[PDB]
Amino acid sequence: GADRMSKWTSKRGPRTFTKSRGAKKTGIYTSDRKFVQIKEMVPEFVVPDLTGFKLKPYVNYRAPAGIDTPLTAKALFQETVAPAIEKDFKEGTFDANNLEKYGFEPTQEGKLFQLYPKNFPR
Amino acid sequence: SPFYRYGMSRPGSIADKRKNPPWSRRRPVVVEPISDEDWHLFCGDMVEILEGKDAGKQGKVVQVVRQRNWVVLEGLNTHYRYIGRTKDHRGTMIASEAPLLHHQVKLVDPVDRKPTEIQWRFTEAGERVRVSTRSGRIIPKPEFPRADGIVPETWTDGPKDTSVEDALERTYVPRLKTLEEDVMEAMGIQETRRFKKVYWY
Amino acid sequence: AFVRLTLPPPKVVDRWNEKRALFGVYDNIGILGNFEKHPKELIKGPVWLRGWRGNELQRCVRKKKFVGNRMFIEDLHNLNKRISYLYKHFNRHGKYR
Amino acid sequence: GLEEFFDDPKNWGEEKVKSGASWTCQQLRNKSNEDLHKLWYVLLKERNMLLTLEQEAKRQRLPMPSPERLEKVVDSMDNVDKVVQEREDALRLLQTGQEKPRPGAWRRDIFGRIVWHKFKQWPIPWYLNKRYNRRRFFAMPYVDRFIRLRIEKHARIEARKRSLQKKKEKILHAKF
Amino acid sequence: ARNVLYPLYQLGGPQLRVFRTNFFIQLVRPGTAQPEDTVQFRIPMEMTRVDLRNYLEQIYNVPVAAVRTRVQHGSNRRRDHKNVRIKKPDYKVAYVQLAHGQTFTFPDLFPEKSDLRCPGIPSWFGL
Amino acid sequence: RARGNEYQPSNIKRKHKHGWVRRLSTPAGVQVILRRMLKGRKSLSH
RNA sequence: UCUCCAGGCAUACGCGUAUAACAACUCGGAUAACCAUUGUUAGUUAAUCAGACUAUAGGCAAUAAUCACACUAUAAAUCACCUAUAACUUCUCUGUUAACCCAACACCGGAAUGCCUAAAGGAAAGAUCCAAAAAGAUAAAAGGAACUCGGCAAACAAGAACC
RNA sequence: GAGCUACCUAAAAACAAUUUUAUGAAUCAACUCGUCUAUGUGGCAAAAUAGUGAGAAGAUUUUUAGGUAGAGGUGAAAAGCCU
RNA sequence: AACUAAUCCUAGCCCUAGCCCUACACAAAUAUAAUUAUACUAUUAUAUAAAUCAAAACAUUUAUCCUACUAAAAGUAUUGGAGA
Ligand SMILES: [Mg+2]
Ligand SMILES: [Mg+2]
Ligand SMILES: [Mg+2]
Ligand SMILES: [Mg+2]
Ligand SMILES: [Mg+2]
Ligand SMILES: [Mg+2]
Ligand SMILES: [Mg+2]
Ligand SMILES: [Mg+2]
Ligand SMILES: [Mg+2]
Ligand SMILES: [Mg+2]
Ligand SMILES: [Mg+2]
Ligand SMILES: [Mg+2]
Ligand SMILES: [Mg+2]
Ligand SMILES: [Mg+2]
Ligand SMILES: [Mg+2]
Ligand SMILES: [Mg+2]
Ligand SMILES: [Mg+2]
Ligand SMILES: [Mg+2]
Ligand SMILES: [Mg+2]
Ligand SMILES: [Mg+2]
Ligand SMILES: [Mg+2]
Ligand SMILES: [Mg+2]
Ligand SMILES: [Mg+2]
Ligand SMILES: [Mg+2]
Ligand SMILES: [Mg+2]
Ligand SMILES: [Mg+2]
Ligand SMILES: [Mg+2]
Ligand SMILES: [Mg+2]
């Protein structure tokens, strides 16, 4: 006579059955049955100063919208990296080994913000 | 849903909810397919009624239901109905338009009003322009007021609307940095600790 | 019994469309063509019954030979069961022995 | 303060509230990262006030004034989110060449299907993790029959669909 | 943030910072009678009471003294025209008590502010 | 005695006897799941 | 306010919004009133009640319980403490409503433990009439098993003996 | 398919008052069972209700979780029981 | 002199022909009592198909089931309680 179709949650079942509703953990449980919160595990909101800011939620109807051009890897490379290499190549002071000079990173290890595997949230 | 029927009233309106309930299973309406490129009638145009009770007259197009191949003409193909009826009051008689199919009207040459067939063609820029087969001329795209009722030119900014000049200001400087990295630098936050190794699998 | 209360819409048949006009052409391909082609080769239909005829038991067994190895599991299970039913009817039942 | 969870006191009780257009993606692209970070919170506080008003209208059983305001804000926040994502996506390609931020693989499950598996973060390597080892990424031979049955079932659905389209065209050509 | 991965933390790791927030809340009028300091909120199911404290103090500059939360079961009793149950979503309610003796009360939104003797004959006729 | 009441409900028993982990424990139970997937059942297990 | 009746309040297991207000009067309650029905809005707040809760390696145990004293008995009977190693200030998450569960039903049925026995919880008669037959209770002159397969059932009896 | 029932494993629980003694003793509640009669028979109930009866510190009764599966299991043997 | 009813046409489907496939579906969650962000405790189909049934019972035996190009040689040579 049990309901097979409704979702299985902790409001159901006996006392000893418990599970989470999706909130992230913020601490650890030791022996002696004591909870110990960790400060670094609690998310911190980075809020900017909004004094003197000119932008608002809405825009005027008379503002012309622009043709859509999604950014691509090619476009970013040309705007930022291409000019410096071109000047150095003309001078002849360019080599493959020193690509790091132009901003290339060999590996993501050591960086606080790693691009793969991502180690930070939105 | 396959059993949805498109009608005069706007989709999502109170009347539309009443006519198309979830449990309605009426026969489909058979509609000839017309390509998006080939469609050549737009709101604000002037057309001529080839046949019907009001055959021979000309009017302005006020609505277009693409799904049904419908074109609605102001003050034509008309019948009479009371509006605002209540339990006591009769209401006020008005004249109601009825939709006409696309093949039942023809576009009118602007220079001298007369039915004309048209062909799409490319200009120097390649933007498509309607061209009349007879007495070749370009029929310009008409201008129609926005449905929502907004008039851009007369629009006046409110307290929470950004000015046009502010909206178009360009402040982006391309660089190989994430949004997270930039914000920390500007705000002055300093962190030196690093995550221990984690195994992904 | 209940009957229609209105006449059904009329049926209009075109007797001179292309399919009807040219029916029969090339049925004499052999005799008038030096016998390079047999008229049976002009037939369109299932692979296992082009230019052939048989009773239901024969049709079932012939279908299995031609396309039995390219069939779906459940369709083949039903075909095999039909064969055995027809085998027992035609070989064990009937008025005449 | 809490007063920011409500509209300007003057507007309370009004039937309409004038509002502008929502931000388009192209306009946002011109702005810098720092500007976008601030713009996010400006939109966020507008969103909370609109959600607050919507619930209160239901409690009092009245129409919500100018409901189209909510849709504009939600659209704007979506465009901000993708614009930031586009910049990150391009930068990741240049530095690593990977098309996804999260590691994964193509694997076969115990039912005979091919699925993309997203990895998780662990403190220890896989060969020492006894909870992970109980998970099976292979199919045994009794599954082969069901693989064929799935393929045939999918074949029947496709045949019926194409047949129906051909019959519908016959009706259209007759009518027109 | 919701629907995102958090970096795993181990001894000696950095602080966890979310620069753009995915949580949206709404202020609700109490159904019952509550003390003057208390306020009610509807919050996403993934939010903790700790998160609500930081959310209000930093985004809205509001001092908070205590927080309590509960999960409300949504009804799954109504059926559609095919006799299939309709589920009202479960949601989370938060009670916040202000600090420093400050007081709050829900504002008053929506403050408001023919001729009997000749029956049946049209009067149009002048004859 | 009066019959008709043989179902004495218990969630721990129900999940252990007919649950997801129980079905996957043996090859016969895995084939139970495959049949219900091919039929299209909305409920594969308790 | 009056007349009468006498298993109630909590926890466990189970159930899953049946909970509360307003509005409806179609369907549901085997009839009305009223809702247990329909729609809309609301609700159950815990470092103490309840659940989950990962430092490591060694060394070692003769003597029940029952008011545990006396006292025997027989069925022979609930981690601690030490030795070294390591760490060196903490509150998040989940349960909490109800006239409720298993029996096709608002079923005279079945359902564990603690406290208590009316201070808690309830209503046998829709209106009227006073026939036969049927069911249940109480009273009966004189007689006292003559009844019946049989003292079955009932009794102001509830006792004795033998195979 | 052992959430009913048969038997077993582990962890738990209940037994007033009175007479005997020192107990598968006695009287008799709770609780467990079901002798006899009437009512009921599409019943309140696919085995009940009303009375009347047997045991009630033990081979006692009860709760929670686990085990044995059909050529089989379980059985103080009724060819009983296994939704 | 009308109640209960009755009239309707298209939603889709069926059998062939043709052709391999490359469909493997935002974020997040799930093998734990699935759909619960992190260690405890390891993980693994199957020895020959049988019987009903026909032989008017039944015991050796019983087409297809247990697939290998169409048409013919041919229901021929052969096998069989030499019988089905
Ligand atoms: Mg049942
Ligand atoms: Mg109620
Ligand atoms: Mg009412
Ligand atoms: Mg209700
Ligand atoms: Mg709580
Ligand atoms: Mg506690
Ligand atoms: Mg543990
Ligand atoms: Mg309670
Ligand atoms: Mg019953
Ligand atoms: Mg009944
Ligand atoms: Mg009382
Ligand atoms: Mg009476
Ligand atoms: Mg008497
Ligand atoms: Mg007498
Ligand atoms: Mg006698
Ligand atoms: Mg006699
Ligand atoms: Mg007697
Ligand atoms: Mg059992
Ligand atoms: Mg039991
Ligand atoms: Mg006693
Ligand atoms: Mg018994
Ligand atoms: Mg006795
Ligand atoms: Mg006794
Ligand atoms: Mg005794
Ligand atoms: Mg015997
Ligand atoms: Mg016998
Ligand atoms: Mg049975
Ligand atoms: Mg035989």
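Residues numbered from 1 in each chain as written, not as in the entry; some residues may be left out. Chains lettered and ligands numbered in written order. Part of a larger assembly, values for the part shown. Heavy atoms only, no water.

**Side note on empty space enclosed by the protein**
Estimates place the volume of the largest cavity at around 170 Å³. What lines the largest cavity is a set of 17 residues, among which A:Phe113, A:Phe120, B:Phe195, E:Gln15 and E:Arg17 lie closest to the centre. Sorting the residues of the lining of the largest cavity by element identifies α3 (179-187) of chain B together with β1 (17-18) of chain E as the ones contributing at least two each. The class makeup of the residues in the lining of the largest cavity is 11 nonpolar, 2 polar and 4 charged. When its volume is computed, the second largest cavity comes out at roughly 90 Å³. Surrounding the second largest cavity, D:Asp7, D:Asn11, D:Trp12, D:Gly13, D:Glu14, D:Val17, D:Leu53, D:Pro65, D:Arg69, E:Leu109 and E:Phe110 form its lining. In terms of residue class, the lining of the second largest cavity is built from 6 nonpolar, 2 polar and 3 charged. (1 Å grid on protein atoms, 1.4 Å probe; cavity = no way out; pocket = protein on both sides within 12 Å on 5 of 7 lines; lining within 4 Å. Points joined across faces, edges and corners; volume = space filled by probe spheres on them. Helix = DSSP H or I, 4+ residues; strand = E, 2+ residues; numbered from the N terminus. Nonpolar A, V, L, I, M, F, W, Y, C, P; charged D, E, K, R; others polar.)

**Thoughts on the interface of chain C and chain D**
Tallying the contact residues gives 5 residues for chain C and 6 residues for chain D. The largest contributions to the chain C side of the interface with chain D come from C:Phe72, C:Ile73 and C:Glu74, which together make up 87% of the buried area. Between chain C and chain D we count 2 salt bridges in total. In this structure, C:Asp75 and D:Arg156 form a salt bridge, with 3.9 Å as the shortest nitrogen-oxygen distance. Where chain C packs against chain D, one counts 2 residue pairs in polar contact. Grouping the amino acids of the side of chain C that touches chain D by side-chain chemistry returns 3 nonpolar, no polar and 2 charged. (Contact = heavy atoms within 4.5 Å. Buried area = accessible area lost by both parts, 1.4 Å probe. Salt bridge = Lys/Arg side-chain N within 4 Å of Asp/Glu carboxyl O. Polar contact = N/O pair within 3.5 Å; in protein donor to acceptor, adjacent residues only side chain to side chain.)

**A few points about the protein's contact with RNA strand H**
Residue and element names in this part refer to chain F. Taken together, 13 residues sit near RNA strand H, with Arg1, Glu6, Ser10, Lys17 and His18 positioned nearest. Counting only atoms of RNA strand H within 4 Å of the protein, the fraction found in sugar and phosphate groups is 78%. The separation between a phosphate oxygen of RNA strand H and a polar side-chain atom of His16 is 3.0 Å. A distance of 2.9 Å separates a phosphate oxygen of RNA strand H from a polar side-chain atom of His18. A total of 5 residues in the surface near RNA strand H trace back to one element, the largest contributor, which is helix α1 (residues 11-18). (Near = heavy atom within 4 Å.)

**Details of the packing of aromatic side chains**
Using the criterion set out here, one finds 19 aromatic pairs over all chains in the structure. Between A:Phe45 and E:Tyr55 the ring centres are 5.9 Å apart and the planes differ by 90°, which places this aromatic pair in the edge-to-face class. You can see A:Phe45 sitting in strand β3 (residues 44-45) and its partner E:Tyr55 sitting in helix α1 (residues 49-59), one on each of two chains. You'll find A:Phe45 and E:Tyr55 in the same group, each marked buried. Stacked on the ring of B:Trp120, the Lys or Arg B:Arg128 has its end atom at 4.1 Å from the ring centre. (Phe/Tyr/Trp six-rings, centres within 6.5 Å; stacked < 30°, edge-to-face > 60°. Buried < 20%, exposed > 50% of the residue type's maximum accessible area, 1.4 Å probe, protein only. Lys NZ or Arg CZ within 6 Å of the ring centre and 35° of its normal.)

**Thoughts on the protein's contact with RNA strand G**
Neighbouring residues of RNA strand G: 46 residues in total, closest A:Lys11, A:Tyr29, A:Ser31, E:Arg49 and F:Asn11. A share of 70% is what sugar and phosphate atoms reach among the atoms of RNA strand G within 4 Å of the protein. Within the side chain of E:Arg68, a nitrogen or oxygen atom sits 3.2 Å from a base oxygen of RNA strand G. Those elements giving two or more residues to the surface near RNA strand G turn out to be β1 (27-30) and β2 (34-37) of chain A, α2 (33-60) of chain D together with α1, β4 (64-72) and β5 (91-98) of chain E.

**Digging into the interface of chain A and chain D**
Between chain A and chain D, the contact holds 35 residues from the first and 39 residues from the second. Summed over both partners, the interface of chain A with chain D buries about 3,300 Å², with 64% contributed by carbon and sulfur atoms. Area buried by chain A at its contact with chain D is led by A:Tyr58, A:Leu115 and A:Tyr116, which between them contribute 22% of it. Run the count over chain A and chain D and you get 2 salt bridges. Between A:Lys118 and D:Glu88 there is a salt bridge, with its nearest N and O atoms 3.2 Å apart. Our enumeration of links across chain A and chain D arrives at 11 residue pairs in polar contact. Elements represented by at least two residues in the side of chain A that touches chain D include exactly β4 (58-59) and α1 (73-80) of chain A. Counted by class, the side of chain A that touches chain D contains 24 nonpolar, 5 polar and 6 charged residues.

**Considering a positive patch on the surface**
Together, B:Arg18, B:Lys19, B:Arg26 and B:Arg27 give the surface a local cluster of positive charge. Mapped onto the fold, B:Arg27 is located in the loop between α1 (14-19) and β1 (46-49). (Patch = residues over 30% accessible without salt bridge, like charges linked within 9 Å, V, L, I, M, F, W, Y side chains within 5 Å. Areas by Shrake-Rupley, 256 points an atom, 1.4 Å probe, with all protein chains shown as cover. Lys, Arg positive; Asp, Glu negative; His and termini not counted. Charge placed at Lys NZ, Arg CZ, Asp CG, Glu CD.)

**As for the layout of surface pockets**
Summary: where empty space remains is shown by rolling a probe the size of a single water molecule over the atoms. In this structure, the largest pocket encloses a volume near 930 Å³. If you go around the largest pocket, you meet 27 residues; those closest to its centre are A:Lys24, A:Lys25, A:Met41, E:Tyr6 and E:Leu8. Broken down by secondary-structure element, the contributors of at least two residues to the lining of the largest pocket are β1 of chain A together with β3 (121-122) of chain D. For the lining of the largest pocket, the element with the highest residue contribution is β1(A), accounting for 3 residues.

**Structural notes on the nonpolar core**
Grouped together as the largest cluster of nonpolar side chains are 64 residues, with contacts concentrated most on D:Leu2, D:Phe5, E:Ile25, E:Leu27, E:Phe41, E:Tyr55 and E:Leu56. Going through the elements one at a time, β4 of chain A, α3 of chain B, α2 and α3 (68-96) of chain D together with β3 (38-43), α1, β4 and β5 of chain E are the ones with two or more residues in this core. With 12 residues, α2(D) is the single largest residue contributor to this core. In this structure E:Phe41 touches D:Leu2, D:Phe5, E:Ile25, E:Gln26, E:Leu27, E:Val28, E:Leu56, E:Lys92, E:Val93, E:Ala94 and E:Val96, once residues within four positions along its chain are discounted. One finds B:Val47, B:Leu73, B:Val105 and B:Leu107 within the second-largest nonpolar core, a separate group that totals 14 residues. (Core = buried A, V, L, I, M, F, W, Y, C linked by side-chain atoms within 4.5 Å.)

**Let's talk about unusual backbone geometry**
Cis geometry is found at the peptide bond from A:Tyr116 to A:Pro117, where omega equals -10°. Take A:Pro117: it is sitting in the segment after α2 (82-91). Residues other than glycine seldom take positive phi values, yet A:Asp32 does so here, at roughly 80°. Here A:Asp32 lies in the loop between β1 and β2. Unlike most non-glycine residues, B:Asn77 shows phi in positive territory, near 50°. With respect to the secondary-structure elements, B:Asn77 resides in the loop between β3 (70-73) and β4 (78-83).

**Focus: the sheet that holds strand β9 (residues 128-132) of chain B**
Residue and element names in this part refer to chain B. Overall, antiparallel pairing links the 3 strands, which are arranged β8-β9-β10 in an open sheet. The open sheet has two edge strands, β8 (118-122) and β10 (138-139), and neither has a second partner. Here β9 pairs with β10 via 2 bridges, running antiparallel. Bridged to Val131 within β10 is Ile138. (Pairing = 2+ DSSP bridges.)

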